[PDB]
Every structure is written in C-alpha cells, then in structure tokens.
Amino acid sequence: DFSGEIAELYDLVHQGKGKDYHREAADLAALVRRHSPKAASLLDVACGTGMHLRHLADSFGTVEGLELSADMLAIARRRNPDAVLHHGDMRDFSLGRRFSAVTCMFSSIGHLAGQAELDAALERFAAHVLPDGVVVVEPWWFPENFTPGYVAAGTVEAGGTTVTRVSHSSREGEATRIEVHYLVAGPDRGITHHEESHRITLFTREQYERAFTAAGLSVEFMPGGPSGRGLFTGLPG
C-alpha cells in the first residue's frame, strides 16, 4: 500500500530522482494524438498523486483518474481540483463512459498478482477506450531484464525537510521484493524512520501480450520508454 508518509513523500522522492512528469505527459499526449487525431479525453489508471494528469489536463479537455489508495488520491485531487478522480480498483471498475486513451504508468500494473488479474485489468482498459483510441501500459521489468541485488540511495531537501531514501530489490519467486527505507529529518522534527515493502510481479513480455490480445487489443512493445522498462500500446480491433 501507499498510505500515510509513503504517500506524503512520494512526489518529493521522485522529484529528487529526476522523474520528469511534464516531459512524460507531453510524450504521452503526442502518442495518443498520433493514433487518435481528434482525441479529447484520457483516463489515467493507478494515477497515484496525479502528476501526469496535471500536465495532461493542459492538452485534453477531459482527464479523469482511477486510484485505489485514498491517501494517494487525496493528493491527486488537490493537485487536480477541476478533474473527476475516482476511487477504485483497476481490476474491476466501471465508469460508464469511454476515453480516447486509457493509461497505466510507472509499472503500477506490476501490483497485479498473476495472469487472471492482468487479463481482468486489460479487459477493463479495453472496456473504457474508444475505437480509434489507445491503451498504454508501462510494464514492470521482464524477468530476463530484472537486476537482483540492486540498491538505490538518494537524498533530497525541501522546505527544511531532508529525506533520504534507500531501496533494495531481490527476486522472490515470480516477483521482485522491493524494500524501501526512509530517514526524514528536520530542525524541529528530529529524525524519523519509515519502511515499506512491495511485491511487484515479474510478468513476461508474452504474458502482457496475452492480456492485451484477450481484451481485443492489438499490442506493440517499444523498448526504453520513460523508465527503461519500455512501453506497451494497444489498439482496439
């Protein structure tokens, strides 16, 4: 989960890591318009703190979000006060309308547990996309590209708070176990320690392809992508 301090620290952590949501959103908007020139709407699934949405709103007249963490969604709603952002689950939701694009960014799809959940999410994405539109999924690493033992450490400061974050990634069966620790310090705060752990599924490329195909989407993989993990696109029909 992504609650409490995890959620409150998320944007600062990713700013310090140099994640450029503005450039990623401009790239996404152009990718959508490449397939759907008249595209006017976008649904960002697992939208987190709504960073992509805030920039995509400059480009699309209607942007909406779906997010299962209330604490992440609270930050997203503050950031996007004029947008409709829904609380719910990517495996089984129904908004009653379709969008030019359905996006699921930054490997959020890896929080699904196996093939049945992956297939269910892709079917929901196809159920919410228009016929000339596009479904965009940024996968987690494939098993052959996963680096067990990886350690990342960084420190960022803002507003008088210093945040140090360290992550460690290992292989646990068919998933990555990521452990993340934080030290959060400030002149009055003192030092507090926080920890979190995620299990992120190592779906193969073929497993993603199967989920897209079973949802009625034609699937393409582009290597590299916003995070080194590539990007899948899918078109209905």
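When you see a residue number, it is the position in the sequence shown, counting from 1.
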What stretch has the higher average Cα B-factor here, 80 to 88 or 149 to 157?
-> 80 to 88
Can you let me know which of the two, 51 to 59 or 173 to 181, has the higher average C-alpha B-factor in the entry?
-> 51 to 59
Given 168, 34, 194, 199, the residue at which the Cα B factor reaches its maximum = 34
Compared with the other modelled residues in the chain, in which third is the CA B-factor of residue 45?
-> lowest
Report the third (lowest, middle or highest) to which the CA temperature factor of residue 138 belongs, ranking only the modelled residues of the same chain.
-> lowest
Select lowest, middle or highest to describe the third in which the CA B-factor of residue 209 falls within its chain in this entry.
-> highest
Would the CA B-factor of residue 122 place it in the lowest, middle or highest third of its chain?
-> middle
Would the CA B-factor of residue 21 place it in the lowest, middle or highest third of its chain?
-> middle
